[PDB]
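Starting off, we have a lone chain in the form deposited in one PDB entry, written out as structure tokens.
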């Protein structure tokens, strides 16, 4: 009878992550390197920096109003060097690539409608839109195990690449983790890892069997708790075989094309806005961080085992248009009661979020790989003590 109980009582869920050298993630990191360069000189910089990456090319396009003097050639090339593209053998070289800049001022129509001649507390949302925050008690970091493990596998590849223990590794990687879960009254309980995919760019020397052995022994077994790995776990390691061609040569990349990788790995919800290259007046970023803070506060405060928060704005309007709560049936309180607790404890005006989460600080390049949520030393990851 056990097989029948397993089929009925369990389900699969899949999340992916990508490494720093994935071309879409290159763009996110460069966009946030540009944002941080501005904020280091001008904490009030208005930044909307999109990056495009293709064979031999980084293009910056968008809108910046800032008192900073930023050397875009230096910032871009230093970011590409850090990622590890330093030779034509790797498909891309920070020393010799083309960097094109098409950056203008912020629209004066936007500036006058959002922030000009306002106290910072009264600044309007920098756009309309919807944003979600999510938290789950299934991990200590209050994140889905699927996305946590997917990100940590890419971080482990970069670590062993950079310390030279796996020197055949190159910067471009993708990971994907399928977890088999059971539920406890709307809370999800991870049982085992069902399937792992790892695809990583490599040099010309190493054989397919040697790479597959190292990815299991030095990466997967160093990241995934042994209790989640068993004789039935499926490993797709270099599944499409050779991956010498990678980075921007392999595929065009853009800023904001990994927004599900950046958030909850498909769990929770997403309002569609990209984070990278945007200052705190862009609610796509600041209100998603605040909603994460709310969701994590509700779970660590013991009000929910899992929770989703929606918030929405209109351009030029400080107060949110709507706030909504979905507790997945994991609270003794109604969604109406939880929403009252939120409105009693939190103030999701962008001019207040920036103070509560210290969002003028140049920490954004750190967020642009391995996820914006579930990591140490970000203000939105410190739960607020709730009163009600």
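Positions refer to the first chain, counted from 1.
Omitted here: the form deposited with a small molecule bound. The next part is about that form.
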### Message
Under a 4.5 angstroms heavy atom criterion, identify the one residue in 120, 141, 78, 93 near the small molecule in the entry with it bound.
### Response
141
### Answer option from 214, 155, 103, 254, heavy atom within 4.5 Å of the small molecule in the entry with it bound
155
#### Entry: Site test, 151, 370 and 373 vs the small molecule in the entry with it bound, non-hydrogen atom cutoff 4.5 Å
yes
### Message
Just to confirm the contact call: exactly one of 160-168, 143-151, 204-212, 70-78 touches the small molecule in the entry with it bound at a 4.5 Å heavy atom cutoff, so which is it?
### Response
143-151
